[PDB]
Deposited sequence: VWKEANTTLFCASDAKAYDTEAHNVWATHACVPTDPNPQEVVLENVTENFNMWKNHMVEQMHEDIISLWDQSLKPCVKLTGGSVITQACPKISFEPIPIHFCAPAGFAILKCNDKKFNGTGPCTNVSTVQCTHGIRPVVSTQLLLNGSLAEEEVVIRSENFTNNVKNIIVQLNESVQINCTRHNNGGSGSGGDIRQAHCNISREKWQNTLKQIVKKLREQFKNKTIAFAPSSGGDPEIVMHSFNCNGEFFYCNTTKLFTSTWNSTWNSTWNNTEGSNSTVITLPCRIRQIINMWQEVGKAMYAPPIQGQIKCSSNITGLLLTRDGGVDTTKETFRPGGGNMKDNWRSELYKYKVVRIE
């Protein structure tokens, strides 16, 4: 099966009587889901993946742009991306796969899992958890220009409220637990140097903050207290929200080979958000 770029189709369980943007978009763009599809596990097969060169990501990005540029209530719904006639999607089943190189347990499917297309910076919300241990993924770890996508194995709840001023609460215990596991994984990759975190250092104003959309309202939260009982982040709005933090986008500082490496929250290339969900998939021509 050659790898092939083709135009995917989408499937969802949107409702046609519902006014919210994602349902309206999916009702015209997508077909109904197969509620119970079969998955063929491929015995003895190995295939090479490259999550950083995956035309599925480009396609999802265009679709999500279309959704936002189409449009009330705004709650992301699951969208499946699906291989058209003559094609299939290969799914990597290796539970600690770095997204590049060989994968052993592979299965073929017509569609991805249902992905919520959540638009956010710094923290990945409401996504897929790693099945086993925390996983970190980068295109090249020794290039500090390449962002690191972290996938957590346990969700961290983030609850946000408004009183223009607003805040988000995170459990301090759970967050310190999450940072410890991330540190262990970063050391494996950086010659067991000491790991430091620091707040975002620049870029567009919405990437220096944790920014996200909470049913209609755009929230911009200061994450210094996360990267430096509950942790309360101050936010500006430009209504309650509870989400699961399921991942992080990090960037490593450049410089001299000190005894330490420092990492900062980043993001802004929404294509990394889509990679964090699509890393295990690849389109092939079956014919």
Gaps relative to the deposited sequence fall at 1, 73-91, 184-194, 260-278, 289-309
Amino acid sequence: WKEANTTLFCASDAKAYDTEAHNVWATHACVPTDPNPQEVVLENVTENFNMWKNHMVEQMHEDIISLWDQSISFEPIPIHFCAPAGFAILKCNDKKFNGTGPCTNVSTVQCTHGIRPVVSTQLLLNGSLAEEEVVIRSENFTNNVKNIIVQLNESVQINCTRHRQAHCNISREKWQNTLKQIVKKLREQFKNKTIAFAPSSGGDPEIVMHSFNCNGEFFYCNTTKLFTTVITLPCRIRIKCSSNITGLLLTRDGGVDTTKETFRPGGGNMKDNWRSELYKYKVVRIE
From here on, numbers count along this sequence of modelled residues.
Which has the higher mean CA temperature factor in the PDB entry, 20-28 or 262-270?
20-28
Given 35-43 and 218-226, the range whose Cα B-factors average higher in the PDB entry
35-43
Per the coordinate record, which of the options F74, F197, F81, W175 holds the highest CA temperature factor?
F74
From the entry's CA B-factor values, the highest among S128, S211, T100, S155 is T100
When the modelled residues of the chain are sorted by Cα temperature factor, does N105 land in the lowest, middle or highest third?
highest
Third of chain Cα B-factors occupied by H61:
lowest
Name the third of the chain's ranked CA B-factors that contains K2, choosing lowest, middle or highest.
highest
Looking at the entry's B-factor column for C-alpha atoms only, identify whether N192 ranks in the lowest, middle or highest third of its chain.
highest
Per the entry's values, where does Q70 land by CA temperature factor relative to the rest of its chain, in the lowest, middle or highest third?
highest
